[PDB]
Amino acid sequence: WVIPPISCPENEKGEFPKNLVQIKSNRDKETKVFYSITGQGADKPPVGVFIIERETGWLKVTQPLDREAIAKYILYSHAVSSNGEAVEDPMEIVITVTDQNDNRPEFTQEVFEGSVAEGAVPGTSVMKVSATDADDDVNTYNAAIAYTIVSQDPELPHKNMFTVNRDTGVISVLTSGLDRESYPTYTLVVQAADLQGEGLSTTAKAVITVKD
C-alpha cells in the first residue's frame, strides 16, 4: 500500500483507458474493499483523466497527456470496506508525465534587427538571434537548440557574408566585402533546430544594415 511514483509519457496513442498499476490493501482478506481516487485530474478538474476500477483497484489513464500543460498530477487513493469504514489512510499517488519532442523551437521575434560598419574586420560580432523550446530541457535533448543560416539576400558580393554560432545564435561578419553603396541591407534566413540541430525546426529573419 505503499505506492511508488508513476510515470506516463505524453501523446500516447492507441486504445483508452490504459493500465498504470493495481492498487491493493492487505485488509482485502478480512472484508470486501472498494477503491477510489481524489484530486485534480481525478474527481476535480481536469475531471476523469485518471480513473480506478472500484473493485479490482486498477488505476488507469483515460486520455493522452500533455507534459507542457500538466507535468505532474497529485492523486490520492482511498480504501473503504462494505461497512463504510476507511480501511487505509488515504495514500498519495504522484504521476509524472514524461516528455516527447512535440514542440518546434520558436524564435523570440520574427524579424531581428542589427547593423554593422562596412569596415568591420571578419569575425566581428554583429547581432544575436534567439529561440526557445517548450519541451523538456532538464531531462532530454528535445529542447537543445542549434542555430544555422539558411539563406542570404542579396547573395553579393558573395553568399557567405555572415555566419552564425550554432550554440549562442550570435551572427558575425564571416568575410570582407561589405559595401553599403552597392548593397545597403542583408536579410538572413535563420533556423533553430532542436535535438542538437538534428530535430524539429523553425525559421525567422534577421535584417542587417551596413552603416558608414
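Residue numbers run from 1 along the displayed sequence.
**Student:** Once you work out the mean C-alpha B-factor for both 86-94 and 129-137 from the entry, which is higher?
**Tutor:** If you average the C-alpha B-factors of 129-137 and of 86-94, the larger mean comes out for 86-94.
**Student:** According to the deposited model, is the average Cα temperature factor higher in 111-119 or in 138-146?
**Tutor:** Higher mean C-alpha B-factor: 111-119.
**Student:** Sorting 26, 63, 172, 40 by Cα temperature factor from the record, which one lands on top?
**Tutor:** So the option with the highest C-alpha B-factor is 26.
**Student:** Grab the CA temperature factor for residue 159 from the record and place it in the lowest, middle or highest third of its chain.
**Tutor:** Highest third, going by the recorded CA B-factors of the chain.
**Student:** Residue 34's Cα B-factor: lowest, middle or highest third of the chain?
**Tutor:** For residue 34, the deposited C-alpha B-factor lands in the highest third.
**Student:** Lowest, middle or highest third: which one holds residue 70 when the chain's residues are ordered by CA B-factor from the entry?
**Tutor:** Lowest third of the chain for residue 70's C-alpha B-factor.
**Student:** Lowest, middle or highest third of the chain for the C-alpha temperature factor of residue 59?
**Tutor:** It belongs to the middle third of the chain when residues are ordered by C-alpha B-factor.
**Student:** Based on the deposited C-alpha B factors for this chain, I'd like to know if residue 10 is in the lowest, middle or highest third.
**Tutor:** Lowest third.
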